[PDB]
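Okay, so here's just one chain, in structure tokens, the form deposited in one PDB entry.
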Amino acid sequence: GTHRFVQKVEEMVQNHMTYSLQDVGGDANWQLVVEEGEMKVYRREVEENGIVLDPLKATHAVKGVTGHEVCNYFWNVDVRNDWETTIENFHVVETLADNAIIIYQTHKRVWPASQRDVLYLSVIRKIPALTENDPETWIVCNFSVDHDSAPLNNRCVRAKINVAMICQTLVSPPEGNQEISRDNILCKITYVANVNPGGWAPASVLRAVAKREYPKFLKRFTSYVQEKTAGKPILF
């Protein structure tokens, strides 16, 4: 890439590829707090100076869609309002490259506290597979940056985030005369969110809200991808 954020991008992608994919089922620092179908949501309870920082990690398996398609839909701001429910307003501050943009958005008051805004670079990347026996990996990384055109606000507390949707397509070609259809593909998703609320709020409530809102998002967003891609040619 040309843009000034290319080095930071690579470091964020690499951290997610090494630390975010790590299996969290047997990790006793993590707690499985939501299960429904193929979806599991885990959290690690962390606070600094009384501020709840709990890392969130979800895993999902979604039939009939690819990692490329799920990542495309997650990244593409032209469809954000089709699925996102926690945002009041957003706009693109800057386009850095064809796969990378900076976004400013304000969120609905889902917490018992001042309204939050966030200012993040959103980038979509493909990580090639080492062999044709393995899945290619598609990732969208959303991470807080600074921008002159979006300074701190009077009205909102500036949250900071480090989020990744990491997706891999598994395929199971059919036995004989049939061509591959969407019944033969499944997308494995890992979604990780590390959110700094930028100020204090009761932890009990913040945790209740995260337990509610992330599984809600994931079900609605993945369903939306399934609907919008149904009966379409598969994008690997």
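Throughout, we count residues from 1 along the sequence that is shown. Shifts are known only where both forms have a C-alpha. What we label the rigid core is the largest C-alpha set whose atoms superpose within 1.5 Å from one form to the other.
From this point on, the text means the form solved in complex with a partner chain, which you will not see here.
Here the chain stands alone, but in the entry with it bound its contact with the partner chain, taken as any heavy atom within 4.5 Å, falls in 126-134 among 126-134, 151-159, 103-111, 79-87. The listed set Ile180, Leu32, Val46, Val205 contains one residue whose heavy atoms approach the partner chain in the entry with it bound to within 4.5 Å, identified as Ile180. Taking non-hydrogen atoms only, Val209 never approaches the partner chain to within 4.5 angstroms in the entry with it bound. The closest non-hydrogen atom of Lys188 lies within 4.5 Å of the partner chain in the entry with it bound. Mapping the unseen interface onto this chain, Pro174 counts among the residues with a heavy atom inside 4.5 Å of the partner chain in the entry with it bound. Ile51 falls outside the set of residues with a heavy atom inside 4.5 Å of the partner chain in the entry with it bound.
Only one candidate in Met39, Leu186, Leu56, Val52 has its Cα displaced by 2 Å or more between this form and the one not shown after core superposition: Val52. Expansion of the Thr85-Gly50 CA spacing by 3 Å or more is recorded in the entry with it bound, set against this form. Displacement of the C-alpha atoms by 2 Å or more across three or more consecutive residues between this form and the one not shown, following core superposition, is confined to the runs 47-52, 110-112.
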